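Coordinates from input_1.txt are shown below (compact mmCIF, N, CA and C atoms).
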```
# COMPACT_ATOMS: atom_id res chain seq x y z
N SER O 1 0.84 -1.24 0.00
CA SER O 1 0.00 0.00 0.00
C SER O 1 0.86 1.27 0.00
N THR O 2 1.91 1.28 0.83
CA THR O 2 2.81 2.44 0.92
C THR O 2 4.01 2.28 -0.02
N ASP O 3 3.85 1.49 -1.09
CA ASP O 3 4.91 1.26 -2.06
C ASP O 3 4.33 0.86 -3.42
N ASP O 4 3.40 1.68 -3.92
CA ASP O 4 2.76 1.42 -5.21
C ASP O 4 3.72 1.68 -6.36
N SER O 5 4.08 0.62 -7.08
CA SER O 5 4.99 0.72 -8.21
C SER O 5 4.37 1.54 -9.35
N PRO O 6 3.10 1.27 -9.71
CA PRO O 6 2.41 1.99 -10.79
C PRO O 6 1.90 3.38 -10.38
N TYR O 7 1.81 3.64 -9.07
CA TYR O 7 1.30 4.94 -8.59
C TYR O 7 2.40 5.78 -7.94
N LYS O 8 3.00 5.24 -6.87
CA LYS O 8 4.05 5.94 -6.13
C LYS O 8 5.36 5.99 -6.92
N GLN O 9 5.90 4.81 -7.24
CA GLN O 9 7.15 4.72 -7.99
C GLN O 9 7.01 5.41 -9.35
N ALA O 10 5.92 5.10 -10.06
CA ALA O 10 5.66 5.70 -11.37
C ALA O 10 5.58 7.23 -11.27
N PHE O 11 4.98 7.72 -10.18
CA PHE O 11 4.86 9.16 -9.95
C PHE O 11 6.24 9.82 -9.95
N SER O 12 7.19 9.20 -9.24
CA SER O 12 8.56 9.70 -9.16
C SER O 12 9.23 9.71 -10.54
N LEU O 13 8.89 8.74 -11.39
CA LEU O 13 9.46 8.64 -12.73
C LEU O 13 9.12 9.88 -13.57
N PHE O 14 7.91 10.42 -13.38
CA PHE O 14 7.47 11.61 -14.12
C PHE O 14 7.77 12.91 -13.36
N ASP O 15 8.77 12.88 -12.47
CA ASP O 15 9.14 14.06 -11.70
C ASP O 15 10.30 14.80 -12.38
N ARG O 16 9.95 15.80 -13.20
CA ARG O 16 10.95 16.59 -13.92
C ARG O 16 11.82 17.41 -12.98
N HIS O 17 11.24 17.87 -11.87
CA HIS O 17 11.97 18.68 -10.89
C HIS O 17 12.70 17.79 -9.88
N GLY O 18 12.14 16.62 -9.59
CA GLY O 18 12.75 15.71 -8.63
C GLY O 18 12.50 16.12 -7.19
N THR O 19 11.39 16.83 -6.96
CA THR O 19 11.02 17.28 -5.61
C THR O 19 9.72 16.63 -5.14
N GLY O 20 9.36 15.49 -5.75
CA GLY O 20 8.14 14.79 -5.38
C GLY O 20 6.88 15.51 -5.83
N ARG O 21 7.01 16.41 -6.82
CA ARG O 21 5.86 17.16 -7.34
C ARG O 21 5.82 17.09 -8.86
N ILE O 22 4.62 17.19 -9.43
CA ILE O 22 4.45 17.13 -10.89
C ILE O 22 3.39 18.11 -11.39
N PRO O 23 3.63 18.73 -12.57
CA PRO O 23 2.71 19.69 -13.17
C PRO O 23 1.64 19.01 -14.04
N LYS O 24 0.64 19.79 -14.49
CA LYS O 24 -0.45 19.28 -15.33
C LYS O 24 0.06 18.37 -16.46
N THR O 25 1.20 18.72 -17.06
CA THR O 25 1.77 17.92 -18.15
C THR O 25 2.09 16.50 -17.68
N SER O 26 2.69 16.38 -16.49
CA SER O 26 3.06 15.08 -15.93
C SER O 26 1.83 14.28 -15.51
N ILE O 27 0.88 14.93 -14.81
CA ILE O 27 -0.34 14.24 -14.37
C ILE O 27 -1.09 13.62 -15.56
N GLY O 28 -1.02 14.28 -16.72
CA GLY O 28 -1.69 13.77 -17.91
C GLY O 28 -1.27 12.35 -18.24
N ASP O 29 -0.01 12.18 -18.64
CA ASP O 29 0.52 10.85 -18.98
C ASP O 29 0.55 9.93 -17.76
N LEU O 30 0.68 10.51 -16.56
CA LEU O 30 0.70 9.73 -15.32
C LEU O 30 -0.61 8.96 -15.17
N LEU O 31 -1.73 9.67 -15.36
CA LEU O 31 -3.06 9.07 -15.27
C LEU O 31 -3.24 7.97 -16.32
N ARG O 32 -2.60 8.15 -17.49
CA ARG O 32 -2.67 7.19 -18.58
C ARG O 32 -2.23 5.79 -18.12
N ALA O 33 -1.19 5.75 -17.28
CA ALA O 33 -0.67 4.49 -16.76
C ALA O 33 -1.68 3.79 -15.84
N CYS O 34 -2.52 4.59 -15.16
CA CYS O 34 -3.53 4.05 -14.26
C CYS O 34 -4.94 4.39 -14.75
N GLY O 35 -5.17 4.19 -16.05
CA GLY O 35 -6.47 4.49 -16.63
C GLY O 35 -6.39 5.04 -18.04
N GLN O 36 -6.64 6.34 -18.18
CA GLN O 36 -6.60 6.99 -19.49
C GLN O 36 -5.79 8.29 -19.46
N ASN O 37 -5.72 8.96 -20.61
CA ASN O 37 -4.99 10.21 -20.74
C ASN O 37 -5.93 11.34 -21.14
N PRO O 38 -6.15 12.32 -20.23
CA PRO O 38 -7.04 13.45 -20.48
C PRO O 38 -6.34 14.60 -21.22
N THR O 39 -6.94 15.78 -21.19
CA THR O 39 -6.38 16.96 -21.84
C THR O 39 -5.78 17.93 -20.82
N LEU O 40 -4.96 18.86 -21.30
CA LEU O 40 -4.32 19.86 -20.43
C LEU O 40 -5.36 20.61 -19.60
N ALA O 41 -6.54 20.86 -20.20
CA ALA O 41 -7.62 21.56 -19.51
C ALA O 41 -8.04 20.79 -18.25
N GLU O 42 -8.08 19.46 -18.36
CA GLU O 42 -8.45 18.61 -17.23
C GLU O 42 -7.43 18.72 -16.10
N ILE O 43 -6.15 18.45 -16.41
CA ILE O 43 -5.09 18.53 -15.41
C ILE O 43 -5.03 19.92 -14.77
N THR O 44 -5.09 20.96 -15.61
CA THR O 44 -5.08 22.34 -15.11
C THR O 44 -6.25 22.56 -14.15
N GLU O 45 -7.42 22.01 -14.51
CA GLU O 45 -8.62 22.13 -13.67
C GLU O 45 -8.38 21.53 -12.29
N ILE O 46 -7.63 20.42 -12.25
CA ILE O 46 -7.29 19.77 -10.99
C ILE O 46 -6.45 20.71 -10.13
N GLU O 47 -5.44 21.33 -10.76
CA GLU O 47 -4.57 22.29 -10.08
C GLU O 47 -5.38 23.45 -9.48
N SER O 48 -6.52 23.76 -10.10
CA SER O 48 -7.39 24.85 -9.64
C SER O 48 -7.97 24.57 -8.24
N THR O 49 -7.86 23.33 -7.75
CA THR O 49 -8.37 22.96 -6.44
C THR O 49 -7.23 22.49 -5.53
N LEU O 50 -6.36 21.62 -6.05
CA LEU O 50 -5.21 21.13 -5.28
C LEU O 50 -4.01 22.04 -5.50
N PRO O 51 -3.16 22.21 -4.47
CA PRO O 51 -1.96 23.06 -4.54
C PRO O 51 -1.27 23.00 -5.90
N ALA O 52 -0.81 24.17 -6.38
CA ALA O 52 -0.14 24.31 -7.68
C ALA O 52 0.58 23.02 -8.10
N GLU O 53 1.58 22.62 -7.32
CA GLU O 53 2.33 21.40 -7.61
C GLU O 53 1.59 20.18 -7.08
N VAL O 54 1.25 19.25 -7.98
CA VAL O 54 0.54 18.04 -7.60
C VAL O 54 1.52 16.96 -7.16
N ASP O 55 1.86 16.98 -5.87
CA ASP O 55 2.79 16.01 -5.31
C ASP O 55 2.05 14.73 -4.90
N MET O 56 2.81 13.75 -4.40
CA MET O 56 2.24 12.47 -3.97
C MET O 56 0.91 12.66 -3.22
N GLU O 57 0.88 13.63 -2.31
CA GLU O 57 -0.31 13.92 -1.51
C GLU O 57 -1.46 14.47 -2.37
N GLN O 58 -1.18 15.53 -3.13
CA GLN O 58 -2.18 16.16 -3.99
C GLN O 58 -2.79 15.16 -4.98
N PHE O 59 -1.93 14.47 -5.72
CA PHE O 59 -2.38 13.48 -6.71
C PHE O 59 -3.17 12.36 -6.04
N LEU O 60 -2.63 11.79 -4.95
CA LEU O 60 -3.30 10.72 -4.23
C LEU O 60 -4.65 11.18 -3.67
N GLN O 61 -4.74 12.46 -3.28
CA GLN O 61 -5.97 13.02 -2.73
C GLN O 61 -7.12 12.91 -3.74
N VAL O 62 -6.88 13.39 -4.96
CA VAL O 62 -7.89 13.34 -6.02
C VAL O 62 -8.16 11.89 -6.45
N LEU O 63 -7.10 11.08 -6.52
CA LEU O 63 -7.22 9.68 -6.91
C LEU O 63 -8.06 8.90 -5.90
N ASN O 64 -7.69 9.00 -4.62
CA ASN O 64 -8.41 8.31 -3.55
C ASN O 64 -9.62 9.13 -3.10
N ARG O 65 -10.54 9.36 -4.04
CA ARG O 65 -11.76 10.13 -3.77
C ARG O 65 -12.57 9.53 -2.61
N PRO O 66 -12.84 8.20 -2.63
CA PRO O 66 -13.60 7.53 -1.58
C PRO O 66 -12.76 7.13 -0.36
N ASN O 67 -11.58 7.76 -0.20
CA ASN O 67 -10.68 7.48 0.92
C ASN O 67 -10.21 6.02 0.93
N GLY O 68 -8.99 5.79 0.43
CA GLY O 68 -8.44 4.44 0.40
C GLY O 68 -8.46 3.82 -0.99
N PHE O 69 -7.98 2.58 -1.07
CA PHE O 69 -7.94 1.85 -2.34
C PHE O 69 -9.09 0.85 -2.44
N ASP O 70 -9.21 0.19 -3.60
CA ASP O 70 -10.28 -0.79 -3.84
C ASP O 70 -11.65 -0.15 -3.62
N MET O 71 -11.95 0.86 -4.44
CA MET O 71 -13.22 1.59 -4.36
C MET O 71 -13.30 2.70 -5.42
N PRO O 72 -12.27 3.58 -5.52
CA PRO O 72 -12.25 4.68 -6.49
C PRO O 72 -12.67 4.24 -7.90
N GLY O 73 -12.22 3.06 -8.32
CA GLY O 73 -12.56 2.54 -9.63
C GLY O 73 -11.34 2.37 -10.52
N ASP O 74 -10.36 1.62 -10.02
CA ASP O 74 -9.12 1.37 -10.77
C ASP O 74 -9.32 0.25 -11.79
N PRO O 75 -8.66 0.35 -12.96
CA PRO O 75 -8.77 -0.67 -14.02
C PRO O 75 -8.33 -2.06 -13.54
N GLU O 76 -7.26 -2.09 -12.74
CA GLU O 76 -6.74 -3.35 -12.21
C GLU O 76 -7.65 -3.93 -11.12
N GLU O 77 -8.40 -3.05 -10.44
CA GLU O 77 -9.31 -3.48 -9.38
C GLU O 77 -10.46 -4.31 -9.95
N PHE O 78 -11.09 -3.80 -11.01
CA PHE O 78 -12.21 -4.49 -11.66
C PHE O 78 -11.74 -5.76 -12.36
N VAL O 79 -10.55 -5.71 -12.97
CA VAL O 79 -9.99 -6.86 -13.68
C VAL O 79 -9.71 -8.02 -12.72
N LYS O 80 -9.13 -7.71 -11.56
CA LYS O 80 -8.80 -8.72 -10.55
C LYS O 80 -10.06 -9.38 -9.99
N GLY O 81 -11.10 -8.58 -9.75
CA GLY O 81 -12.34 -9.11 -9.21
C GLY O 81 -13.02 -10.09 -10.15
N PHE O 82 -13.12 -9.72 -11.42
CA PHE O 82 -13.75 -10.58 -12.43
C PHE O 82 -12.87 -11.80 -12.75
N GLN O 83 -11.55 -11.64 -12.62
CA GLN O 83 -10.60 -12.72 -12.90
C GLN O 83 -10.63 -13.81 -11.82
N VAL O 84 -11.23 -13.52 -10.66
CA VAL O 84 -11.30 -14.49 -9.56
C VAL O 84 -11.77 -15.86 -10.06
N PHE O 85 -12.94 -15.89 -10.70
CA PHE O 85 -13.49 -17.14 -11.23
C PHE O 85 -13.54 -17.11 -12.76
N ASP O 86 -12.49 -16.56 -13.37
CA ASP O 86 -12.39 -16.47 -14.82
C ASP O 86 -10.96 -16.73 -15.29
N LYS O 87 -10.46 -17.94 -15.02
CA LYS O 87 -9.10 -18.32 -15.42
C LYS O 87 -8.96 -18.33 -16.94
N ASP O 88 -9.89 -19.01 -17.61
CA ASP O 88 -9.89 -19.10 -19.07
C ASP O 88 -11.19 -18.53 -19.65
N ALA O 89 -12.33 -19.05 -19.18
CA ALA O 89 -13.64 -18.60 -19.64
C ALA O 89 -13.79 -18.76 -21.15
N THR O 90 -14.11 -19.99 -21.58
CA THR O 90 -14.29 -20.28 -23.00
C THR O 90 -15.77 -20.39 -23.35
N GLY O 91 -16.49 -19.27 -23.21
CA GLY O 91 -17.91 -19.24 -23.50
C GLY O 91 -18.78 -19.21 -22.25
N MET O 92 -18.33 -18.47 -21.23
CA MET O 92 -19.08 -18.35 -19.98
C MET O 92 -18.41 -17.35 -19.03
N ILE O 93 -19.23 -16.52 -18.39
CA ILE O 93 -18.72 -15.52 -17.46
C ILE O 93 -19.03 -15.90 -16.00
N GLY O 94 -20.24 -16.43 -15.77
CA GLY O 94 -20.63 -16.83 -14.43
C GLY O 94 -20.99 -15.64 -13.55
N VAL O 95 -22.20 -15.11 -13.74
CA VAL O 95 -22.69 -13.96 -12.97
C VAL O 95 -22.39 -14.09 -11.47
N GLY O 96 -22.47 -15.32 -10.94
CA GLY O 96 -22.21 -15.55 -9.53
C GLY O 96 -20.94 -14.88 -9.03
N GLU O 97 -19.87 -14.95 -9.83
CA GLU O 97 -18.59 -14.34 -9.47
C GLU O 97 -18.63 -12.82 -9.69
N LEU O 98 -19.20 -12.40 -10.82
CA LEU O 98 -19.30 -10.97 -11.14
C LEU O 98 -20.08 -10.21 -10.07
N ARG O 99 -21.15 -10.83 -9.55
CA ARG O 99 -21.97 -10.22 -8.51
C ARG O 99 -21.25 -10.25 -7.16
N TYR O 100 -20.52 -11.34 -6.89
CA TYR O 100 -19.78 -11.49 -5.64
C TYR O 100 -18.78 -10.34 -5.44
N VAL O 101 -18.18 -9.89 -6.54
CA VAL O 101 -17.20 -8.80 -6.50
C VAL O 101 -17.88 -7.43 -6.49
N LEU O 102 -18.77 -7.20 -7.46
CA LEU O 102 -19.48 -5.93 -7.59
C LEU O 102 -20.36 -5.62 -6.38
N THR O 103 -21.19 -6.58 -5.98
CA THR O 103 -22.08 -6.39 -4.83
C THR O 103 -21.28 -6.12 -3.55
N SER O 104 -20.14 -6.81 -3.40
CA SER O 104 -19.28 -6.63 -2.23
C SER O 104 -18.53 -5.30 -2.27
N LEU O 105 -18.43 -4.69 -3.46
CA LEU O 105 -17.74 -3.42 -3.63
C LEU O 105 -18.52 -2.29 -2.95
N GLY O 106 -19.78 -2.13 -3.33
CA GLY O 106 -20.62 -1.09 -2.76
C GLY O 106 -22.09 -1.30 -3.05
N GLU O 107 -22.56 -2.54 -2.87
CA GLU O 107 -23.96 -2.90 -3.12
C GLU O 107 -24.36 -2.59 -4.56
N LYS O 108 -23.52 -3.02 -5.51
CA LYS O 108 -23.78 -2.81 -6.93
C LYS O 108 -24.99 -3.67 -7.36
N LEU O 109 -24.91 -4.31 -8.54
CA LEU O 109 -26.01 -5.15 -9.02
C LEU O 109 -26.15 -6.41 -8.16
N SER O 110 -26.79 -6.25 -7.00
CA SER O 110 -27.00 -7.34 -6.05
C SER O 110 -27.88 -8.45 -6.63
N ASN O 111 -28.19 -9.45 -5.80
CA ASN O 111 -29.01 -10.59 -6.20
C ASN O 111 -30.29 -10.16 -6.93
N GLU O 112 -30.87 -9.02 -6.54
CA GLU O 112 -32.10 -8.52 -7.16
C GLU O 112 -31.91 -8.28 -8.66
N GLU O 113 -30.97 -7.40 -9.02
CA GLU O 113 -30.69 -7.09 -10.42
C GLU O 113 -30.25 -8.33 -11.19
N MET O 114 -29.40 -9.14 -10.56
CA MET O 114 -28.91 -10.37 -11.17
C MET O 114 -30.05 -11.37 -11.36
N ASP O 115 -30.99 -11.38 -10.41
CA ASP O 115 -32.14 -12.28 -10.47
C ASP O 115 -32.93 -12.05 -11.76
N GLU O 116 -33.18 -10.77 -12.07
CA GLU O 116 -33.91 -10.41 -13.29
C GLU O 116 -33.10 -10.80 -14.53
N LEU O 117 -31.78 -10.64 -14.46
CA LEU O 117 -30.89 -11.00 -15.57
C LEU O 117 -30.93 -12.50 -15.83
N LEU O 118 -30.89 -13.30 -14.76
CA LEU O 118 -30.93 -14.75 -14.87
C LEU O 118 -32.27 -15.23 -15.43
N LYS O 119 -33.34 -14.52 -15.08
CA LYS O 119 -34.68 -14.87 -15.55
C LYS O 119 -34.78 -14.71 -17.07
N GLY O 120 -34.15 -13.65 -17.60
CA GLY O 120 -34.17 -13.41 -19.03
C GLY O 120 -33.33 -14.40 -19.81
N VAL O 121 -32.08 -14.60 -19.37
CA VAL O 121 -31.17 -15.53 -20.04
C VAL O 121 -31.46 -16.98 -19.62
N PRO O 122 -31.65 -17.89 -20.60
CA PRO O 122 -31.94 -19.30 -20.34
C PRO O 122 -30.70 -20.07 -19.85
N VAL O 123 -30.18 -19.66 -18.69
CA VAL O 123 -29.00 -20.30 -18.10
C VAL O 123 -29.24 -20.63 -16.63
N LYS O 124 -28.26 -21.28 -16.00
CA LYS O 124 -28.36 -21.65 -14.59
C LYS O 124 -27.22 -21.05 -13.76
N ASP O 125 -26.56 -20.01 -14.29
CA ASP O 125 -25.46 -19.35 -13.59
C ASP O 125 -25.01 -18.06 -14.30
N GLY O 126 -25.92 -17.43 -15.06
CA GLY O 126 -25.58 -16.21 -15.77
C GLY O 126 -24.37 -16.37 -16.67
N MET O 127 -24.39 -17.41 -17.51
CA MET O 127 -23.29 -17.67 -18.43
C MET O 127 -23.65 -17.24 -19.85
N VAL O 128 -22.95 -16.21 -20.32
CA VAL O 128 -23.18 -15.67 -21.66
C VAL O 128 -21.85 -15.24 -22.32
N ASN O 129 -20.74 -15.78 -21.81
CA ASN O 129 -19.40 -15.46 -22.34
C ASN O 129 -19.09 -13.96 -22.23
N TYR O 130 -19.78 -13.25 -21.33
CA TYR O 130 -19.57 -11.81 -21.14
C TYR O 130 -19.57 -11.06 -22.48
N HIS O 131 -20.50 -11.44 -23.36
CA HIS O 131 -20.60 -10.82 -24.68
C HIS O 131 -21.91 -10.05 -24.83
N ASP O 132 -23.03 -10.73 -24.59
CA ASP O 132 -24.35 -10.11 -24.71
C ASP O 132 -24.50 -8.88 -23.81
N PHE O 133 -23.89 -8.93 -22.63
CA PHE O 133 -23.96 -7.81 -21.68
C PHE O 133 -23.20 -6.60 -22.22
N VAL O 134 -21.90 -6.79 -22.47
CA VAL O 134 -21.04 -5.73 -22.99
C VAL O 134 -21.50 -5.26 -24.38
N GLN O 135 -22.05 -6.19 -25.17
CA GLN O 135 -22.53 -5.88 -26.52
C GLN O 135 -23.66 -4.85 -26.47
N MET O 136 -24.72 -5.17 -25.73
CA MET O 136 -25.87 -4.28 -25.60
C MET O 136 -25.51 -3.00 -24.84
N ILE O 137 -24.56 -3.11 -23.91
CA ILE O 137 -24.11 -1.97 -23.11
C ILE O 137 -23.39 -0.93 -23.98
N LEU O 138 -22.55 -1.39 -24.90
CA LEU O 138 -21.81 -0.50 -25.79
C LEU O 138 -22.59 -0.17 -27.08
N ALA O 139 -23.76 -0.79 -27.25
CA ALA O 139 -24.59 -0.55 -28.44
C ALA O 139 -25.87 0.20 -28.07
N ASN O 140 -25.80 1.53 -28.11
CA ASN O 140 -26.94 2.38 -27.77
C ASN O 140 -27.14 3.48 -28.82
```
Now, as a test, write the supplied structure out as structure tokens.
Amino acid sequence: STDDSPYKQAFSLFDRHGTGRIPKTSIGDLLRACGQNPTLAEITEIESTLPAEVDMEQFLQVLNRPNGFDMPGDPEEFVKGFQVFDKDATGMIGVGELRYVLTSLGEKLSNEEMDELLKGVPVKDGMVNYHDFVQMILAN
């Protein structure tokens, strides 16, 4: 926790001054490593609230919005949760595992929402190869 290679160590890598602080330019590509890459307007907007120089504290403050890890919404967090019961997954996702992680996160799609999903799909464990869900979700 107090030695994040992709967050703490990586942060130091993008330190042009070497004083544990980084400007909007650095935060841009920095965020890319832990998600995506925004625009200068976005990073500058962040500086408008957090101290001019976005040091380990400033950056971590905005990142850890819900106070702490495993909650803000990290790409590796969601991947690890779904990967629990998805070693290979050759035509099946298994809602049971997806709900176990999401529901335990912050009362996401609990048994209720999943119950309706299982009723629609002619399966006995919400198995659809994680295609029909993402397909309809990205097709609007």
Skipping near chain neighbours, those fewer than 5 positions away, what residues fall within 7 Å of residue 81 in chain O using all atoms listed in the file, listed as a ChimeraX atom specification?
/O:76,97-98,101-102
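Across the structure, atom C of residue 59 in chain O and atom N of residue 83 in chain O are spaced 26.3 Å apart.
DSSP, applied to the backbone of this structure, assigns strand (DSSP E or B) to the following residues of chain O: residues 21, 22, 54 and 55 of chain O.
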Provide the CA of residue 18 in chain O to atom N of residue 69 in chain O distance in Å, to one decimal place.
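Distance between the two atoms: 25.7 Å.
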Could you check how far atom N of residue 129 in chain O sits from atom C of residue 93 in chain O, in Å to one decimal?
6.1 Å
Would you write out, as a Markdown table, a table of all residues in range 65-96 of chain O that have an atom no more than 8 Å from an atom of range 34-55 of chain O, listing for each the closest atom pair and the distance in Å to one decimal, considering only N, CA and C atoms and ordering rows by chain and rising residue number?
```
| residue | atom | partner | partner_atom | distance |
| --- | --- | --- | --- | --- |
| O:73 | C | O:34 | C | 7.9 |
| O:74 | CA | O:34 | C | 6.5 |
| O:75 | N | O:34 | C | 5.8 |
| O:76 | N | O:34 | C | 7.2 |
```
Picked from range 10-120 of chain O by DSSP as helix (DSSP H, G or I), as a PyMOL selection string
chain O and resi 10-13+24-33+40-47+56-63+75-83+95-106+111-120
Ranking O:6, O:106, O:91, O:68 by minimum distance to residue 130 in chain O and counting all atoms listed in the file, which one comes first?
O:91
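Proximity ranking of O:114, O:139, O:105, O:128 relative to residue 70 in chain O places O:105 first, based on only C-alpha atoms.
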